[PDB]
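Don't worry about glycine lacking a Cβ; one is built from the backbone with ideal geometry, like all the others, and counts go over all protein chains shown. What follows is calculated from the coordinates using simple rules that are stated; it is not laboratory data.
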């Protein structure tokens with residue numbers, strides 16, 4: 001139960017947030033608009049990028065003597081024509097993620113031959 | 001209300017599925033392992049990549065839904081050293097996605113100053 | 001009966017908005033400052049530029065409204081040295097626009113010999 | 001309460017007017033027709049240009065000893081396919097202008113995040 | 001009593017404001033973050049910069065009564081590592097400012113053997 | 001409550017003080033005068049600089065528990081022509097400082113659309 005407050009940042013397109021408790025855990029959201037034209041017609045391509053990271057100490061069996069840290073991260077990206085419906089690709093993506101997020105650190109990729117979407 | 005069946009493709013430690021009824025909607029899951037060495041210490045880095053896309057007919061002039069197709073896609077990526085705990089990173093990422101999910105196709109960026117979690 | 005929301009673009013001291021319901025209709029406002037030096041004296045010149053455009057499907061043969069799109073646009077520009085009074089210039093410009101507004105698309109020029117103001 | 005009478009001018013496309021009271025305040029209206037063809041089809045592009053200017057003396061704090069003058073100007077431009085409807089782009093442009101015309105000389109561009117159109 | 005309205009700036013790191021009555025009187029706020037890497041531990045260093053200026057005109061007698069304009073400004077700067085306590089340096093700075101504030105425009109300075117802090 | 005005792009400085013333009021309790025916490029006051037020659041009239045320009053700092057130690061875990069020391073500081077600067085009135089720029093700067101003061105050590109910043117001045 002915490003909240004991520006917006007950080008001072010240089011870019012206007014990117015919003016950066018840090019966790020109130022641990023200002024080492026951060027999150028970043030960015031939106032990009034692109035233009036793709038066929039002949040005379042032109043359509044907008046909206047791209048979203050959300051990145052949540054925190055540092056994690058490399059050495060589990062060490063005495064935690066400020067061992068060099070590696071970023072641990074979870075990222076989300078979205079690219080779609082304006083006013084398209086991501087509802088179904090999101091449902092599918094979330095269903096797939098549910099199979100992995102238990103084993104997101106365990107180097108074990110189960111052979112799944114079909115994924116059921118709710 | 002549907003299921004993603006593994007497509008008749010060569011497994012490359014990358015598993016690609018298509019939706020049973022709409023085989024245009026696809027989804028891919030891969031896990032890879034890297035080795036990060038800092039001095040004497042070496043640690044394994046688990047990297048998951050899930051992708052869920054469908055084609056979208058460009059909003060066109062015809063009453064019939066006919067036009068060039070642009071891919072729309074939602075992608076989730078995850079990189080962390082083995083046996084780390086991404087619980088809080090995932091929680092924050094999911095809260096941010098909850099904020100931006102309706103606006104994934106909006107072409108307008110909502111300026112929020114804090115993101116409440118858990 | 002609608003509002004122009006500022007689009008998710010990088011502010012360049014130029015503000016670009018799109019219409020909320022019809023995001024094809026856009027509008028841009030910029031203000032710039034110049035310095036005009038005549039001999040010893042230097043004065044600041046304020047320059048405003050407002051642009052309001054929408055795409056227009058070319059009048060075509062099909063019953064469906066399908067054809068190449070040409071931009072239609074109305075543009076207002078204003079340049080004056082700082083603290084000047086453009087009240088009367090604006091008044092005359094507005095009277096002229098009132099005369100020509102119905103004929104902005106006419107391909108016929110109305111020959112008027114006087115323009116009444118205020 | 002004045003009127004702009006037509007001036008002697010050289011061009012037939014451009015109508016030039018001067019104010020009766022001050023023949024230093026002037027106004028000019030021009031209409032241009034262009035042709036844009038796709039394949040066999042061809043369409044007219046009607047462009048209107050209205051420019052209202054007056055000279056203004058540079059030096060406010062001077063004794064008004066015929067200081068060199070700079071033109072202060074307000075301009076309007078219109079470009080659209082023949083028989084298109086500028087009604088909405090005009091409404092939007094006028095709504096935007098209303099925010100600026102108070103501060104047309106004051107070098108201050110307020111951050112406006114949305115413009116309401118009547 | 002007045003309000004500092006936010007001006008439209010291209011840079012998102014700096015927020016600029018102008019007084020509603022006098023748009024010549026302005027104020028800028030900027031926060032920036034620096035990383036100080038000591039060994040394998042990086043610490044965050046927060047710098048704040050507030051500036052409040054307005055143009056003052058130096059009247060000099062002249063056949064043509066226009067004199068130059070030079071800004072008068074009050075600036076505040078701050079720099080400290082994250083989660084440090086500025087309470088006491090603020091109190092001391094404010095007491096010194098209290099001594100000098102009356103005489104900011106006066107070119108007088110007297111030896112002060114001690115400054116009493118609240 | 002404490003007293004800033006005057007330290008013994010070689011330069012007479014700058015007066016330096018140290019807190020009686022903590023001689024590590026210091027404060028400097030300096031006033032300087034500049035001449036601005038416009039034609040045959042020279043005008044006096046008063047600049048004041050107050051600085052209040054103290055050393056803060058960044059604790060970083062290490063086999064040998066000694067971390068580096070970096071200063072935290074609050075700075076005030078002022079510059080204006082003689083006999084000008086800073087009352088309003090001071091009020092505005094103080095209101096902005098009042099907003100940012102709590103968050104001087106926090107790395108958070110939220111968009112503020114206006115600052116209300118007393």
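Among the numbered conditions (1) surrounded by 16 or more Cβ atoms within 10 Å (Cβ to Cβ); (2) within 14 Å of chain B (Cβ to nearest Cβ); (3) in a strand (DSSP E or B), tell me where residue C:9 comes up short.
(3)
Can you name the residue in segment E:42-61 that is free of Cβ contacts under 8 Å to residues at least 24 places away in the same chain and more than 7 Å from every other protein chain (Cβ to nearest Cβ) and, of all such residues, is farthest from residue A:16 (Cα to Cα)?
Step one: list which residues in segment E:42-61 are free of Cβ contacts under 8 Å to residues at least 24 places away in the same chain, which gives E:42, E:56-61.
In the following step, the residues that additionally are more than 7 Å from every other protein chain (Cβ to nearest Cβ) were identified as E:42, E:57, E:59, E:61.
Working: E:42: 18, E:57: 42, E:59: 48, E:61: 54 Å.
Checking each candidate, the answer is E:61.
What tally of residues in segment B:20-41 results from selecting those that are facing chain A (nearest Cβ under 7 Å), in a strand (DSSP E or B) and within 17 Å of the chain's Cα centre (by Cα)?
At the first step, the residues of segment B:20-41 found to be facing chain A (nearest Cβ under 7 Å) are B:25, B:27, B:29, B:31, B:33, B:36, B:38, B:41.
Next, from what is left, pick out any that are in a strand (DSSP E or B): B:27, B:29, B:31, B:33, B:36, B:38, B:41.
Next, from what is left, pick out any that are within 17 Å of the chain's Cα centre (by Cα): B:27, B:29, B:31.
Residues in segment B:20-41 being facing chain A (nearest Cβ under 7 Å), in a strand (DSSP E or B) and within 17 Å of the chain's Cα centre (by Cα): 3 in total.
Can you pull out the residues in segment B:106-118 that are away from chain C (no Cβ under 14 Å) and touching a strand residue (DSSP E or B) at 6+ places or on another chain (Cβ under 6 Å)? Walk me through how you get there before you give the answer.
Quick first cut of segment B:106-118, residues away from chain C (no Cβ under 14 Å) only: B:113-118.
Of everything in segment B:106-118, those that are away from chain C (no Cβ under 14 Å) and touching a strand residue (DSSP E or B) at 6+ places or on another chain (Cβ under 6 Å) turn out to be B:113, B:114, B:115, B:116, B:117.
Which residues, taken from segment F:86-105, are more than 7 Å from chain E (Cβ to nearest Cβ) and part of a loop (DSSP other than H, G, I, E, B)?
Of everything in segment F:86-105, those that are more than 7 Å from chain E (Cβ to nearest Cβ) and part of a loop (DSSP other than H, G, I, E, B) turn out to be F:102, F:103.
So if I check each of A:19, A:37, which one is without any contact (Cβ under 8 Å) to a residue 60 or more places away in the chain, farther than 19 Å from residue B:101 by Cα and crowded, with 19+ Cβ neighbours inside 10 Å?
On the way: A:37 fails: crowded, with 19+ Cβ neighbours inside 10 Å.
Answer to the selection: A:19.
Residues that are in a loop (DSSP other than H, G, I, E, B) and within 23 Å of residue F:111 (Cα to Cα): does segment B:70-85 have at least one? Please lay out each step first, then the result.
Of all residues in segment B:70-85, those in a loop (DSSP other than H, G, I, E, B) come to B:82-85.
Still in the running and within 23 Å of residue F:111 (Cα to Cα): none.
Scanning segment B:70-85, I find no residue that is in a loop (DSSP other than H, G, I, E, B) and within 23 Å of residue F:111 (Cα to Cα), so the answer is no.
How many of the residues making up segment F:52-67 are under 26 Å from the mean Cα position of the chain (by Cα) and surrounded by fewer than 16 Cβ atoms within 10 Å (Cβ to Cβ)?
Within segment F:52-67, residues that are under 26 Å from the mean Cα position of the chain (by Cα) and surrounded by fewer than 16 Cβ atoms within 10 Å (Cβ to Cβ) number 3.
Being buried (at least 19 other Cβ atoms within 10 Å of the Cβ) and within 14 Å of chain C (Cβ to nearest Cβ) is the requirement here; does residue B:76 meet it? Spell out how you get there, then give the answer.
On the way: buried (at least 19 other Cβ atoms within 10 Å of the Cβ): yes; within 14 Å of chain C (Cβ to nearest Cβ): no.
In short, no.
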